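*Asks:* Handing you a structure now.
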2 protein chains.
Amino acid sequence: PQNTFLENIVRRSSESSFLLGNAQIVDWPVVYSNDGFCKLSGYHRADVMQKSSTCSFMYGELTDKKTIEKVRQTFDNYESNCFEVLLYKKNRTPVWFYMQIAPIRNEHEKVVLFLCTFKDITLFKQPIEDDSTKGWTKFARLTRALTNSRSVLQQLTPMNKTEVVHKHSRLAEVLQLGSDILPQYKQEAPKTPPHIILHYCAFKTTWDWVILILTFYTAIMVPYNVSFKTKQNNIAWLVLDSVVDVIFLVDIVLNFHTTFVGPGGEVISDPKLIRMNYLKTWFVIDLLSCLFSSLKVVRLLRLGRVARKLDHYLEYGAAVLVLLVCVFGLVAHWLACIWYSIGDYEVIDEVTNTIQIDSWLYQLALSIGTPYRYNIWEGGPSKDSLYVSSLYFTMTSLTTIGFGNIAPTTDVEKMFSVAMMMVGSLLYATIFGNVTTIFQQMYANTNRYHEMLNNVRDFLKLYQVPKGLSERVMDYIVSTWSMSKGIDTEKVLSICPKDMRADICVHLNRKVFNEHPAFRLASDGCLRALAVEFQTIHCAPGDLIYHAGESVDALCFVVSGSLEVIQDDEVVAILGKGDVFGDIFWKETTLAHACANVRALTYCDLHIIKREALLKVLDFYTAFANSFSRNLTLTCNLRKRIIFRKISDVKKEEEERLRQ
Amino acid sequence: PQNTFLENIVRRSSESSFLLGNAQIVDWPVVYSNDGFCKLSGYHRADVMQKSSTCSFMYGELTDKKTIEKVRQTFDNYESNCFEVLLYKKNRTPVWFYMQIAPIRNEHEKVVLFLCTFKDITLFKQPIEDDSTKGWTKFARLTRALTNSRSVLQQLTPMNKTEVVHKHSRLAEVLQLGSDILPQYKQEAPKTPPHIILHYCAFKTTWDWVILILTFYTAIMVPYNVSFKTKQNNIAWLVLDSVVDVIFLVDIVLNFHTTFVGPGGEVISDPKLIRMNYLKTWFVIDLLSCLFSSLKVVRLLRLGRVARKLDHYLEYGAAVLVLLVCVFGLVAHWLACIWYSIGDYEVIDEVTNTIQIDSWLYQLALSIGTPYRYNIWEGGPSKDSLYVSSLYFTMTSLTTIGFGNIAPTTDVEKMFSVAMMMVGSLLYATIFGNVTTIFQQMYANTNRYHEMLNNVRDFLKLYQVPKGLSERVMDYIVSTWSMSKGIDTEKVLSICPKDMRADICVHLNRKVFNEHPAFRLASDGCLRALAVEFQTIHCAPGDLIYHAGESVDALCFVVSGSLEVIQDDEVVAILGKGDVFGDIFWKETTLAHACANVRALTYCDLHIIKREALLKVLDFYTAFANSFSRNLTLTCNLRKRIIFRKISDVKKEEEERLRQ
Ligand SMILES: [K+]
Ligand SMILES: [K+]
Ligand SMILES: [K+]
């Protein structure tokens with residue numbers, strides 16, 4: 001919902017007369033005399049500063065030939081004019097107009113709320129008032145006493161060695177208007193400049209997960225290529241690397257054409273702000289990562305890219321667990337690469353020509369079976385075996401299992417082992433604490449329900465409650481949790497605003513408003529004033545709703561279940577669905593008591609509205625009380641005692657009368 | 001804020017007359033006739049015991065030549081006098097004065113609140129009242145009927161074989177006054193005696209972290225030097241050891257000149273208390289640690305020093321994690337030193353001359369490659385390899401990984417291993433439980449926000465709320481958490497005092513007081529009486545604030561957003577920023593209803609003040625109500641219906657009138 005005349009005009013616009021009009025009986029809204037009419041050009045609000053689309057009441061002079069129907073007619077023409085009518089101004093002069101015209105129709109197809117951006121002048125023609133005629137008071141001071149459209153572009157004398165150039169905001173401003181103004185009626189939603197995409201569309205979503213997948217691929221492939229020195233025979237990987245690099249470069253380019261949330265939580269949409277913000281925030285790192293061994297470790301920063309985007313991901317529970325297991329695998333892989341690099345460095349001393357029998361590649365070669373042979377040193381474990389052994393060792397070390405068939409024995413490997421031990425201990429602790437908490441986050445609610453059940457059971461056992469009452473209490477608790485699964489309405493309604501709470505309650509009833517032929521002629525005033533008062537109740541079988549222990553003070557509505565109005569051990573009516581039972585409240589102003597013993601056959605759901613909160617609303621909306629009185633029929637009028645009389649035992653009464 | 005005359009005079013001062021005065025119209029404050037004028041020397045409060053800087057009203061005698069303007073003039077002289085005026089005393093005699101004078105001016109430069117420490121006498125000259133003239137009643141009993149400055153130093157007869165020595169509190173007490181009295185006006189803050197430093201300055205902070213760093217250094221270096229027997233060739237370490245020792249000794253000396261918080265939570269500042277407290281509390285341990293193998297284990301007590309200072313550190317989250325990892329490293333290092341000591345003890349039996357093939361140094365030597373050789377037993381693993389192996393083993397044992405390439409096999413090592421196992425299990429459990437809790441302490445708040453979101457989402461899903469209402473509720477919750485991130489104002493305002501709460505609220509408004517030209521002529525009374533009543537509201541787009549469902553009873557102020565006052569499907573005014581809309585309350589004393597349908601264009605923030613809590617304050621401060629009435633202009637007076645009339649359809653009404 002937007003009338004498209006205020007939201008984004010306080011930044012770029014200038015002096016204008018954004019006439020709206022409403023077009024039923026006489027004048028309504030001219031509204032925006034914005035950007036310069038503060039307290040120095042016209043009236044203030046409640047005047048033609050804010051209404052009377054065709055302006056008046058600021059006249060202050062006589063009705064001359066030009067001062068009647070020239071632009072006063074133009075205001076409701078909407079199309080085009082160039083004449084000169086009078087509208088009073090601070091200059092104390094017979095004001096006439098130089099202006100520009102611009103139409104636009106509607107979205108609702110009503111020929112209302114046009115654009116009509118106007119300028120108005122007083123100076124450029126003539127002052128001829130004799131209020132001050134002391135030489136240069138109105139014949140040369142005219143260039144001083146105007147505070148109008150002149151003060152937008154050309155705030156100097158109208159001559160100023162210039163004839164038509166200074167006519168750009170009074171005579172030739174129509175080229176700066178039209179499509180440069182917001183529309184006359186549209187729909188309010190986050191809108192973007194041309195060739196700009198929002199950050200929550202179906203395009204940026206797919207690219208976010210695509211970039212995440214490619215980053216997860218690079219974080220795996222780059223350390224492997226750096227440590228386990230590979231080859232280039234397969235040109236397939238050589239071209240997929242270029243494909244991924246160019247995809248990331250295209251994403252860097254496309255990041256200029258997106259939207260980001262700023263201070264306060266609103267979608268910012270303007271090319272210059274987007275560009276400079278993205279630049280200053282991430283362009284250095286993005287360029288460094290996009291474009292010899294150290295170059296790949298620099299290239300790894302696309303993982304920090306996903307780290308910055310992490311706020312978009314997560315918060316969904318299962319995704320957190322998947323991310324945690326993925327990062328555990330990633331750190332295991334990185335430690336495997338470092339471990340293999342160390343193991344390859346240690347074997348084969350280059351000072352002499354000998355193989356160091358300590359390392360871990362020599363022990364692995366001895367255990368597997370394939371040894372190192374000299375012919376300069378070639379022949380040993382295959383690359384797949386080396387990688388799988390490195391991963392297996394680092395997984396033994398991270399998971400704190402520890403086997404010992406692959407263990408550090410040299411000097412460098414022990415230092416690296418203690419470093420890995422500290423790092424892995426920290427990561428293990430944090431990661432699996434988070435995993436356990438995430439897994440317990442829902443069994444927390446389940447255990448809340450179980451704790452409620454256990455507390456009720458313990459209370460029933462401790463005080464030695466009989467079997468029937470205990471089983472009824474258990475059944476009621478089970479049913480109430482079944483239809484109210486953990487969710488509590490009071491808090492959710494408390495954290496919402498007043499109007500939104502009223503709307504939520506109105507939709508919560510949904511079966512006593514559009515189902516009962518009484519609440520029909522109420523659009524949005526009575527429905528949102530009564531629903532805040534209706535309260536839903538659930539009643540167990542055998543419960544006495546309005547037995548002879550309470551007075552009738554609530555117009556109860558039945559929406560699900562069945563009730564029988566027991567009167568002296570027997571039933572006079574059996575209420576079903578959509579049958580209101582209760583006392584008349586709006587036309588007696590009295591009180592009575594329970595004329596019956598209303599029970600509940602099955603589990604029932606009723607909608608109580610209190611008496612004092614019922615007739616007040618219909619008294620406020622007097623047009624609704626008439627329909628309410630004329631369209632409500634009480635199925636069981638629990639106000640008057642009925643003449644209740646039972647079939648087949650006055651027979652023996654008459655028999656005894658004839659006998660006695 | 002301190003007038004410097006009560007805070008610290010009840011411990012050292014004596015009889016005095018600490019005259020203040022206030023100097024505008026007539027008398028005000030002489031105030032402190034402290035330390036002896038309880039109920040036995042003069043009047044009580046509300047008299048020249050507390051006001052009338054120039055004293056009077058305690059006369060009780062006739063106006064003699066000396067009894068008019070001698071010291072009664074001295075009180076406002078402030079400079080010097082030695083004369084004798086009358087001021088009535090319990091002696092029932094024509095009192096005259098022996099006194100001492102002392103001036104001091106101000107801090108605010110006003111020549112007010114001088115020092116004027118006076119003494120007053122009655123005895124030393126003469127009693128000549130004939131009330132009791134029964135011999136030794138006023139000529140010899142004079143030495144009994146005085147209860148004044150005599151009762152401070154020389155409480156005996158004025159003769160007492162002494163002439164001028166007994167004149168030390170009536171004639172020669174000026175040398176015990178002056179700079180020995182607190183000032184006349186200063187600023188209140190924790191102050192220290194000369195050559196005393198506070199415990200939260202920028203000096204003791206740097207020394208606290210310096211001592212912490214040096215203690216962390218010693219706790220690492222001392223066990224290493226004790227176990228791995230080092231040398232002295234590098235004189236560099238030999239001089240850094242002396243430098244650190246002398247630094248710690250200087251710190252022990254400097255601890256005499258610091259301040260410590262005592263009982264109740266106040267900064268104690270007095271050399272004797274500081275000295276004796278520090279001595280009795282820590283001097284034994286500090287001296288023992290400051291100043292052959294056992295001497296270093298004693299020297300290790302500087303770690304207990306940091307343990308005592310620990311309260312200063314910690315409580316910052318990240319510092320807790322850093323401290324925990326540091327102590328884990330420290331215990332690993334200590335266990336490494338003990339393990340190497342055991343391993344060095346076991347190898348090479350001294351009864352025979354043989355090497356024990358069990359230990360762990362022999363197995364390590366066999367695995368590494370360098371064996372033990374005999375020529376008495378020399379040659380083996382280097383010192384760096386020995387230390388790194390010891391650390392690696394103890395880190396395998398503490399982190400509960402366990403590899404087995406270095407494992408206990410002798411008799412002593414198994415007992416030490418089980419002891420280390422129990423100790424490491426305890427330390428592991430406590431340390432990493434604390435680490436996990438500290439890490440979860442902030443994701444607790446994040447998970448509270450996520451739980452609120454999940455509860456709202458579940459409530460919306462369960463009851464099948466339509467799309468528009470659900471999305472509006474989600475947006476409102478997101479915005480409210482965005483600008484109110486976890487922080488709840490009610491609790492923080494509850495735990496604060498009343499005046500501080502009022503000040504916090506006054507600063508919380510900050511945009512309806514110093515921005516609106518109405519709340520200008522109110523210094524501190526009306527602002528702190530109205531801000532406790534103002535409540536801020538946030539309204540979502542499309543919300544109806546004061547539609548035709550409520551009566552106008554609140555002078556709402558707009559500080560951010562925009563509102564349009566819809567009247568019969570169309571708008572008569574569009575409120576902006578700093579535009580108050582509401583009913584007049586202080587000059588009609590009536591009630592009306594919503595003459596409009598005020599909506600909210602964008603997200604808005606308003607400042608409601610209730611009617612009954614508004615005019616009461618301005619009624620209390622009658623000088624403020626005049627300015628409030630004369631300086632408030634309602635932008636949208638939602639009290640009176642305006643004559644609203646719409647432009648361009650009476651045209652067809654007149655057309656039909658001419659047609660029908
Ligand atoms: K093992
Ligand atoms: K283990
Ligand atoms: K083993």
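Residues are referred to by chain and number: the chain letter is A, B, ... according to the order shown in the structure tokens, the number counts from 1 in that chain, and ligands are numbered separately from 1 in the order shown.
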What does the list of residues within 9 Å of ligand 2 look like if you count only C-alpha atoms and all ligand atoms, written as a ChimeraX atom specification?
*Replies:* /A:396,399-403 /B:396,399-403
*Asks:* Those selected residues, please, written with N, CA, C and O atoms and delivered as a PDB file, in the first residue's frame.
*Replies:*
```
ATOM      1  N   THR A 396      42.432 -40.733  13.633  1.00  0.00           N
ATOM      2  CA  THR A 396      42.710 -41.321  14.941  1.00  0.00           C
ATOM      3  C   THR A 396      43.092 -40.254  15.952  1.00  0.00           C
ATOM      4  O   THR A 396      42.733 -40.359  17.129  1.00  0.00           O
ATOM      5  N   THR A 399      39.731 -37.735  16.717  1.00  0.00           N
ATOM      6  CA  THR A 399      38.647 -38.366  17.460  1.00  0.00           C
ATOM      7  C   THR A 399      39.086 -38.908  18.809  1.00  0.00           C
ATOM      8  O   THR A 399      38.270 -39.533  19.495  1.00  0.00           O
ATOM      9  N   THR A 400      40.339 -38.682  19.202  1.00  0.00           N
ATOM     10  CA  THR A 400      40.868 -39.124  20.491  1.00  0.00           C
ATOM     11  C   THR A 400      40.685 -40.624  20.689  1.00  0.00           C
ATOM     12  O   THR A 400      40.312 -41.085  21.769  1.00  0.00           O
ATOM     13  N   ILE A 401      40.944 -41.398  19.638  1.00  0.00           N
ATOM     14  CA  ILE A 401      40.929 -42.848  19.790  1.00  0.00           C
ATOM     15  C   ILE A 401      42.353 -43.336  19.997  1.00  0.00           C
ATOM     16  O   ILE A 401      42.704 -43.812  21.081  1.00  0.00           O
ATOM     17  N   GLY A 402      43.184 -43.219  18.970  1.00  0.00           N
ATOM     18  CA  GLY A 402      44.589 -43.510  19.141  1.00  0.00           C
ATOM     19  C   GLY A 402      44.851 -44.990  18.982  1.00  0.00           C
ATOM     20  O   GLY A 402      44.434 -45.774  19.837  1.00  0.00           O
ATOM     21  N   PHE A 403      45.545 -45.399  17.926  1.00  0.00           N
ATOM     22  CA  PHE A 403      45.840 -46.810  17.728  1.00  0.00           C
ATOM     23  C   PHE A 403      47.316 -47.127  17.892  1.00  0.00           C
ATOM     24  O   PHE A 403      47.670 -48.055  18.622  1.00  0.00           O
TER      25      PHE A 403
ATOM     26  N   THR B 396      49.831 -37.072  25.283  1.00  0.00           N
ATOM     27  CA  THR B 396      49.019 -38.241  24.957  1.00  0.00           C
ATOM     28  C   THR B 396      48.231 -38.714  26.166  1.00  0.00           C
ATOM     29  O   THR B 396      47.090 -39.165  26.025  1.00  0.00           O
ATOM     30  N   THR B 399      45.322 -35.774  27.225  1.00  0.00           N
ATOM     31  CA  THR B 399      44.218 -35.633  26.282  1.00  0.00           C
ATOM     32  C   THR B 399      43.452 -36.928  26.066  1.00  0.00           C
ATOM     33  O   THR B 399      42.544 -36.949  25.230  1.00  0.00           O
ATOM     34  N   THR B 400      43.792 -37.990  26.795  1.00  0.00           N
ATOM     35  CA  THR B 400      43.109 -39.279  26.701  1.00  0.00           C
ATOM     36  C   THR B 400      43.094 -39.803  25.270  1.00  0.00           C
ATOM     37  O   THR B 400      42.083 -40.317  24.788  1.00  0.00           O
ATOM     38  N   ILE B 401      44.222 -39.671  24.575  1.00  0.00           N
ATOM     39  CA  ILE B 401      44.330 -40.273  23.253  1.00  0.00           C
ATOM     40  C   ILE B 401      45.033 -41.614  23.379  1.00  0.00           C
ATOM     41  O   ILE B 401      44.424 -42.668  23.168  1.00  0.00           O
ATOM     42  N   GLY B 402      46.313 -41.592  23.728  1.00  0.00           N
ATOM     43  CA  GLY B 402      47.003 -42.826  24.025  1.00  0.00           C
ATOM     44  C   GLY B 402      47.523 -43.464  22.757  1.00  0.00           C
ATOM     45  O   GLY B 402      46.724 -43.935  21.944  1.00  0.00           O
ATOM     46  N   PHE B 403      48.836 -43.516  22.568  1.00  0.00           N
ATOM     47  CA  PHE B 403      49.395 -44.131  21.373  1.00  0.00           C
ATOM     48  C   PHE B 403      50.134 -45.424  21.673  1.00  0.00           C
ATOM     49  O   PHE B 403      49.889 -46.440  21.019  1.00  0.00           O
TER      50      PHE B 403
END
```
*Asks:* Pick out the residues sitting within 10 Å of stretch 81-96 of chain A, and hand them over as a PyMOL selection string; count only C-alpha atoms, and ignore anything fewer than 5 positions along from it in its own chain.
*Replies:* chain A and resi 39-43+55-75+101+120-132+138+142+144-148+171
*Asks:* Those residues you just picked out, can you put them in a file as a CSV table (one decimal), in the first residue's frame with C-alpha atoms?
*Replies:*
```
chain,number,residue,atom,x,y,z
A,39,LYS,CA,6.4,29.4,6.3
A,40,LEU,CA,7.4,31.8,3.5
A,41,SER,CA,5.3,31.2,0.4
A,42,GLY,CA,1.7,30.3,1.3
A,43,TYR,CA,-0.6,29.1,4.1
A,55,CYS,CA,-6.8,26.5,-4.5
A,56,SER,CA,-8.5,29.6,-3.0
A,57,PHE,CA,-8.8,31.5,0.3
A,58,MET,CA,-5.4,33.0,-0.2
A,59,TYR,CA,-6.5,36.0,-2.4
A,60,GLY,CA,-5.8,39.2,-0.4
A,61,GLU,CA,-6.7,41.4,-3.4
A,62,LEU,CA,-9.5,42.2,-5.8
A,63,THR,CA,-11.2,40.0,-8.5
A,64,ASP,CA,-9.5,41.3,-11.6
A,65,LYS,CA,-10.1,39.9,-15.1
A,66,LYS,CA,-7.0,37.6,-14.9
A,67,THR,CA,-7.7,36.7,-11.2
A,68,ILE,CA,-10.7,34.4,-11.6
A,69,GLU,CA,-10.5,31.2,-13.7
A,70,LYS,CA,-7.0,30.9,-15.3
A,71,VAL,CA,-5.0,28.5,-13.1
A,72,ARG,CA,-7.8,28.0,-10.6
A,73,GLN,CA,-9.3,26.3,-13.6
A,74,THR,CA,-5.9,24.7,-14.4
A,75,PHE,CA,-5.8,22.7,-11.1
A,101,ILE,CA,1.7,21.0,-16.1
A,120,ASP,CA,3.9,29.5,-9.1
A,121,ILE,CA,5.6,32.9,-9.4
A,122,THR,CA,5.0,36.4,-8.2
A,123,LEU,CA,8.0,38.4,-9.4
A,124,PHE,CA,8.7,38.1,-13.1
A,125,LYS,CA,5.8,40.1,-14.5
A,126,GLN,CA,5.0,43.2,-12.3
A,127,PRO,CA,4.2,44.5,-8.9
A,128,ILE,CA,1.6,47.3,-9.1
A,129,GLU,CA,0.4,47.6,-5.5
A,130,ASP,CA,0.6,51.1,-4.1
A,131,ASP,CA,1.2,49.9,-0.5
A,132,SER,CA,4.9,50.9,-0.9
A,138,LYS,CA,7.9,47.6,-6.0
A,142,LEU,CA,10.5,43.1,-6.9
A,144,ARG,CA,14.0,41.0,-3.4
A,145,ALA,CA,10.4,40.3,-2.2
A,146,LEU,CA,9.9,37.0,-4.0
A,147,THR,CA,10.5,33.7,-2.1
A,148,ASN,CA,9.2,31.1,-4.5
A,171,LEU,CA,8.8,27.9,-17.8
```
*Asks:* Taking only C-alpha atoms into account, which residues of chain B are within 7 Å of chain A, as a VMD selection string?
*Replies:* chain B and resid 368 385 388 to 389 392 395 400 to 405 436 455 to 456 459 543 to 544 549 572 to 573 644 to 650
*Asks:* Between atom CA of residue A:634 and atom CA of residue A:583, what distance in Å does the model show, to one decimal?
*Replies:*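 Straight-line distance from atom CA of residue A:634 to atom CA of residue A:583 works out to 8.2 Å.
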*Asks:* Could you give me, as an MDAnalysis selection string, each residue of stretch 25-227 of chain B that DSSP assigns to alpha helix (DSSP H) when run on this structure's backbone?
*Replies:* chainID B and resid 74:77 202:227
*Asks:* With distances taken over only C-alpha atoms, which of B:109, B:173, B:180, B:79 is nearest to residue B:12?
*Replies:*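 Among the listed residues, B:180 lies closest to residue B:12.
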*Asks:* Just the number, please: distance in Å from atom CA of residue B:639 to atom CA of residue B:582, one decimal.
*Replies:*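 Result for atom CA of residue B:639 versus atom CA of residue B:582: 7.7 Å, one decimal.
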*Asks:* Interatomic distance between atom CA of residue B:523 and atom CA of residue B:624?
*Replies:*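 The value is 10.3 Å.
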*Asks:* Go through B:296, B:257, B:308, B:229 and flag the residue nearest residue B:340, using only C-alpha atoms for the distances.
*Replies:*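 Of B:296, B:257, B:308, B:229, the one nearest residue B:340, counting only C-alpha atoms, is B:229.
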